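Engineer: So that we are looking at the same thing, I have put the structure below in structure tokens.
Protein chains in written order, with the entry's author numbering: chain A, 9 to 64, 201 to 253, 264 to 394; chain N, 1 to 128; chain R, 7 to 296; chain B, 1 to 340; chain G, 5 to 62.
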């Protein structure tokens, strides 16, 4: 008879208390959005992380965790840094994030093809489909001064740049020289061509030109995450 | 036991020509795609060209466009790189690489250091 | 008071329409209920409302053969006052519950698509169950009014009516006015506003192509139009009858002229039990994967 | 250059000698000897439980030695200890880092280990006098993410890492006692022998090695597969093991013969293997796939015998009870089912 | 350059150590595995279904 009493006690106490705590934890868990930060050594991803940490880390063991909040919605970004060169195994721990942030250094052409190849490899992975990508081109100032100087020519690395023509939808900034705009939009169109070649309707890429003095990146991420979540809701609620 | 063996190369005057060959054994040649990667003096690994399983979808780094050509021979498990109009800036070791998984169009760690499915390399020197 | 009434089509059109409705309604509604339960099991709270709507539709469908029998005998009831009471209650009540659950689905969709990051609390299964229970209880309590009266009458002519009389009693007119307004117009307006908001929100998407926006616009209009077409005529006729009664209680002249039209319009309102499964389950590809 | 060429040539000569010895040792195959054995093609079983409560995808699980309690790990940051018979939850440990990739259950039943993308192995105490579960030790020193861990007893534990090495620890002092430095790529899995005197490991380079726990050096290497090895498991008698690879096949190796002697593949199967496990007697071989199914193989005939369908996403982990009474499988759909 | 030579020497030493082990023909191993899997066939519930009474689950 004691066995039945013990089973009743265990069931009631343990399961009820644990379930209440689990529901409380779930409430908090469902109210936060998590993002993955990617980039190269010469990029400035850490700079942006620090900038919005100032604008708005503990337990750092190679992973730099950052928190910020826009319009009372909480975000959480992670930056893996304690790993070696090879990526193809620990990259699939992030198969259910809202978005991936991809940062490029557009003032250095000698390293452009490496970023192009990495973006192409990410876009086509079996487990990283269905995840949108935010694209930042981070060193527009250096690129502008580099192109103005004229010491080195883009066509050497990309001979197709000779026949390039500026697109109609381009909206140059008021004080921009036409050829700087030409070069920057060409570099962007390369990534967009890879993106649209073999993607799908369950996938998108949002590009932005950014620098080391911008303070609008938090709102860009916020708006893009809002668009992504709305598109997912359309499909969940059987309107698509 | 995956192994790749390169051949060819040597000394050549600027504007010369050579043909590189890479013999593969130990896996199904037609299931994977192949690449070319070279390491010039005082430099890291650099991706040159790749070719898909069937033989279409070729791609090059811009610096060698219009000069080099890549091809397969699925009946002999060999890869080729016909080089012409050589320049001094092409002096380097040339490795034969292949992707880690068969039926995929992503190739992640081919240019890393200590990548396993890569060849020993062959020295190509251009000078006078 | 009393007056002569007759018909010639109600023994032909209504029973045939009901016979057509039943066979297509039963299996389709069962499959829709299965799909809704699967969606609930996947932790989507639209499924709760879908199952409630399907259950209401099946409950309404189960009581049609009795009224087919009633219509075949030219408006005569032979199964007892208690059966008349119960079947009349269900047959006259389930429509408004179906409408209310359609409105609930519409509002849930509006909250989901228009505020992606605001109300995670409201979009839960627990809230869905609470709201569904409240809706069921409130609808039944508010429509229980005619269950405390006599619902079987015999006229001088060869008629034995159930839940109707010509001329009707005073309380029936007020019941009819409340029915028309509260149980038809309000949920319809809520649905219209919710889908308007859905379209306004969706217009701003950057990841969506023009073809998909066109498809969504088509679907919303179809959903609104089906309900209007199915339900408008019977309610306009009911409102006119009630108003004329409040005008001159003793005058039955008008009631004599629109008897067949009233009965045909009443019979016409059963097509929703077949329309709803199609539009809300089959058109979607994911739900069609059963 | 000349010395390097000589070293490479002599390495090739030793490779040729090893290949010649392996060829000489082969005089038959499992298929010929086992051709007369009857099949077991009537294998069919259904799910008997479904454990709910995890918020995110399940990455690992491990049975307790009593084959009643089990521990599970999820990437929302929870270790939940379930009661299998009644489906009750016994404990729930929050974790400092949510990117857990492995978990272990102490054979004595007093501790559970945990680790992941933080390069640490944390030990938890389940029987503290205060009636709470608290951290009791942290092991640090790996330079890559933790892929697997297994208790030897209450005091020592062996782990594998993404830095290509394995280690042996002393829990009381938290110090590395031995290191194993043979592999060339990431090490993805471990498996201890029944006597705990040896263990095997598979790496991203398509090869597996055998280690001596006390001596501390590798003794054998196996090079049959074509791509990354994702799972490994010892045979019940401790004289063979099996591996699962990204080339969509499984293979069985032979310690005494030093040779591969079986392959499990099908033409219409194109995805890779994620987990493997043997039954109590070793006549069955269960493997999870990137597609959401799980196939039961015939380890002697090599023909399929059944399937386990019902998960809505990638099958990640897999385990079998010490008494061979039930099979547990986790998945990326966040549910943990028990079959048969 | 010296690091490559050291790595090559270590690899050669490992190969030499591994090439001096005494093996056995595959037939003995196959026979032993067959005998083991046969001798423990009666203790596998997943092979022979367990009656509902004796099932801890269900």
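Even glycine gets a Cβ: it sits at the ideal position worked out from N, Cα and C.
1) Locate the beta strand (DSSP E) running through residue 59 of chain R, then write down its first and last residues.
2) Of all the alpha helix (DSSP H) runs that stay within the bounds of the segment 344 to 376 of chain A, which reach a length of 4 or more residues?
3) Taking 8 Å as the cut-off, decide whether the C-beta atoms of residue 283 of chain B and residue 43 of chain G are in contact.
4) Tell me which residues share the same chain as residue 127 of chain B and place their Cβ nearer than 6 Å to its Cβ, disregarding the 5 neighbours each side in the sequence.
5) Within 10 angstroms of its Cβ, does residue 36 of chain R collect 16 or more other Cβ (buried), or is it exposed?
6) Suppose you measure from the CA of residue 20 of chain R to the CA of residue 53 of chain R; what does that come to, to the nearest Å?
7) Determine, for residue 8 of chain G, whether the minimum Cβ-Cβ distance to residues of chain B falls below 8 Å.
8) Can you tell me where the beta strand (DSSP E) with residue 160 of chain R in it begins and where it stops?
9) Can you find a C-beta in chain N that's less than 8 Å from the C-beta of residue 185 of chain B?
10) Could you pull out every unbroken alpha helix (DSSP H) segment of at least 4 residues lying fully inside the segment 16 to 72 of chain B, listed in chain order?
11) With the cut-off set at 8 Å, would you say residue 285 of chain A and residue 235 of chain A are in Cβ contact?
12) With a CB to CB cut of under 7 Å and the five nearest residues on each side skipped, what residues in its chain are close to residue 321 of chain B?
13) Using the C-alpha atoms, what's the distance from residue 334 of chain A back to residue 274 of chain A?
14) Whose Cβ in chain R lies nearer than 7 Å to the Cβ of residue 380 of chain A?
15) Find the nearest neighbour of residue 298 of chain R within the set R/121, R/23, R/108, R/86, judged by alpha-carbon distance.
16) Which term fits residue 6 of chain N, buried or exposed, when burial requires 16 or more other beta carbons within 10 angstroms of its beta carbon?
17) Going by Cα to Cα distance, which pick from R/12, R/28, R/43 is closest to residue 72 of chain R?
18) Would you kindly work out how many angstroms separate the C-alpha atoms of residue 72 of chain N and residue 293 of chain B, rounded to a whole number?
19) Please report how far the alpha carbon of residue 59 of chain N lies from the alpha carbon of residue 238 of chain B, in whole angstroms.
20) Count Cβ pairs between the segment 46 to 64 of chain A and the segment 369 to 387 of chain A that sit closer than 8 Å; are there 3 or more?
21) Counting only Cβ pairs nearer than 7 Å, list the residues of chain A close to residue 107 of chain N.
22) For residue 290 of chain B, which residues of its own chain have a beta-carbon under 7 Å away from its beta-carbon, when the five flanking residues on both sides are left out?
23) Tell me the rounded alpha-carbon separation between residue 331 of chain B and residue 316 of chain B.
24) Residues of chain G with CB under 8 Å from residue 279 of chain B, in chain order?
25) Quick one: is residue 1 of chain R buried, meaning 16 or more other Cβ sit within 10 Å of its Cβ, or exposed?
26) Would residue 169 of chain B and residue 192 of chain B be called neighbours here (beta carbons separated by less than 8 Å)?
27) Pick out whichever of B/265, B/337, B/54, B/149 has its Cα sitting closest to the Cα of residue 107 of chain B.
28) Taking Cβ-Cβ distances shorter than 9 Å, what residues in chain B pair up with residue 324 of chain A?
29) So, do the segment 212 to 227 of chain B and the segment 243 to 259 of chain B have three or more beta carbon pairs nearer to each other than 8 Å?
30) Whose Cβ in chain A lies nearer than 7 Å to the Cβ of residue 16 of chain B?
31) What does DSSP give as the partner residues of residue 94 of chain B in its beta bridges?
32) Would the segment 227 to 235 of chain R count as touching the segment 148 to 159 of chain R if we require 3 or more Cβ pairs under 8 Å?
33) List, in order along the chain, the chain N residues whose C-beta lies closer than 7 Å to that of residue 279 of chain A?
34) Hey, how far is the Cα of residue 1 of chain B from the Cα of residue 282 of chain A?
35) Checking 8 Å against the spacing of the C-beta atoms, do residue 219 of chain A and residue 213 of chain A come in under that value?
36) Roughly how many whole angstroms lie between the Cα atoms of residue 257 of chain B and residue 265 of chain A?
Structural biologist: Taking the coordinates as given:
1) For the purposes of this step, residue 59 of chain R is identified with residue 53 of the third chain, where counting begins at 1. Not the beta strand (DSSP E): residue 59 of chain R falls in the alpha helix (DSSP H), residues 52 to 67.
2) none
3) Looking up residue 283 of chain B in the fourth chain gives position 283. Looking up residue 43 of chain G in the fifth chain gives position 39. Not closer than 8 Å, so no.
4) Position 127 of the fourth chain, counted from the start, is the residue given in the question as residue 127 of chain B. So the list reads 110, once near-sequence residues are dropped.
5) Within the third chain, residue 36 of chain R is the residue found at index 30, counting from 1. Answer is exposed; the Cβ neighbour count stays below 16.
6) By one-based count along the third chain, residue 20 of chain R stands at place 14. By one-based count along the third chain, residue 53 of chain R stands at place 47. Using only the alpha carbons, I get a separation of about 33 Å.
7) As a working note, residue 8 of chain G is residue 4 in the fifth chain. Yes, contact with chain B.
8) Stepping through the third chain from its first residue, residue 160 of chain R is reached at position 154. Taken as a continuous stretch (DSSP letters only), the beta strand (DSSP E) holding residue 160 of chain R covers 158 to 160.
9) Here residue 185 of chain B corresponds to residue number 185 of the fourth chain, with the count starting at 1. Judged by the 8 Å Cβ criterion, residue 185 of chain B is in contact with chain N.
10) 30 to 34
11) For the purposes of this step, residue 285 of chain A is identified with residue 131 of the first chain, where counting begins at 1. For the purposes of this step, residue 235 of chain A is identified with residue 91 of the first chain, where counting begins at 1. In this structure, residue 235 of chain A does not lie closer than 8 Å to residue 285 of chain A by Cβ.
12) As a position in the fourth chain, residue 321 of chain B is number 321, starting the count at 1. Within the same chain, residue 321 of chain B has close Cβ partners 63, 67.
13) Translated into the one-based positions of the first chain, residue 274 of chain A becomes position 120. Translated into the one-based positions of the first chain, residue 334 of chain A becomes position 180. Computed Cα separation, rounded: 25 Å.
14) Against the first chain, residue 380 of chain A aligns to sequence position 226. Correct list: 122, 123.
15) Missing from the structure shown is residue 298 of chain R; chain R here goes from 7 to 296 and no further.
16) Taking the second chain and counting its residues from 1, the one referred to as residue 6 of chain N is at position 6. Classification for residue 6 of chain N: buried.
17) Taking the first residue of the third chain as 1, we reach residue 72 of chain R at position 66. Minimum Cα distance to residue 72 of chain R is reached at R/28.
18) On the second chain, residue 72 of chain N is found 72 positions in, with the first residue counted as 1. On the fourth chain, residue 293 of chain B is found 293 positions in, with the first residue counted as 1. Rounded to whole angstroms, residue 72 of chain N to residue 293 of chain B spans 36 Å at the Cα level.
19) Position 59 of the second chain, counting from 1, holds the residue named residue 59 of chain N. Position 238 of the fourth chain, counting from 1, holds the residue named residue 238 of chain B. The straight-line gap from Cα to Cα measures roughly 49 Å.
20) yes
21) Against the second chain, residue 107 of chain N aligns to sequence position 107. The contacting residues are 275.
22) The count along the fourth chain starts at 1 and reaches residue 290 of chain B at position 290. Closer than 7 Å at Cβ, skipping near neighbours: 271, 272, 274, 314.
23) Counted from its first residue, the fourth chain places residue 331 of chain B at position 331. Counted from its first residue, the fourth chain places residue 316 of chain B at position 316. Distance between the alpha carbons of residue 331 of chain B and residue 316 of chain B is about 5 Å.
24) Against the fourth chain, residue 279 of chain B aligns to sequence position 279. Going along chain G in sequence order, the residues near residue 279 of chain B (Cβ under 8 Å) are 48, 50, 51.
25) Since the first residue of chain R shown is 7 and the last is 296, residue 1 of chain R is not available in this structure.
26) On the fourth chain, residue 169 of chain B is found 169 positions in, with the first residue counted as 1. On the fourth chain, residue 192 of chain B is found 192 positions in, with the first residue counted as 1. Taking 8 Å as the Cβ cut-off, residue 169 of chain B and residue 192 of chain B do not qualify as a contacting pair.
27) Translated into the one-based positions of the fourth chain, residue 107 of chain B becomes position 107. For residue 107 of chain B, the nearest C-alpha among the options comes from B/149.
28) Here residue 324 of chain A refers to the residue found at position 170 when the first chain is read from its first residue. Those within 9 Å of residue 324 of chain A in chain B number zero; the least Cβ separation is about 41 Å.
29) yes
30) Counted from its first residue, the fourth chain places residue 16 of chain B at position 16. Correct list: empty, because the minimum Cβ distance to chain A is about 31 Å.
31) As a first step, residue 94 of chain B is located in the fourth chain; it is residue number 94 there, counting from the start. According to DSSP, residue 94 of chain B bridges with B/78.
32) no
33) On the first chain, residue 279 of chain A is found 125 positions in, with the first residue counted as 1. Result: 106.
34) Within the fourth chain, the letter at position 1 stands for residue 1 of chain B. Within the first chain, the letter at position 128 stands for residue 282 of chain A. C-alpha separation (whole angstroms): 44 Å.
35) Position 75 of the first chain holds residue 219 of chain A. Position 69 of the first chain holds residue 213 of chain A. Yes, these two residues count as a Cβ contact at 8 Å.
36) Here the question's residue 257 of chain B lines up with position 257 in the fourth chain. Here the question's residue 265 of chain A lines up with position 111 in the first chain. Taking the straight line joining both Cα atoms gives about 50 Å.
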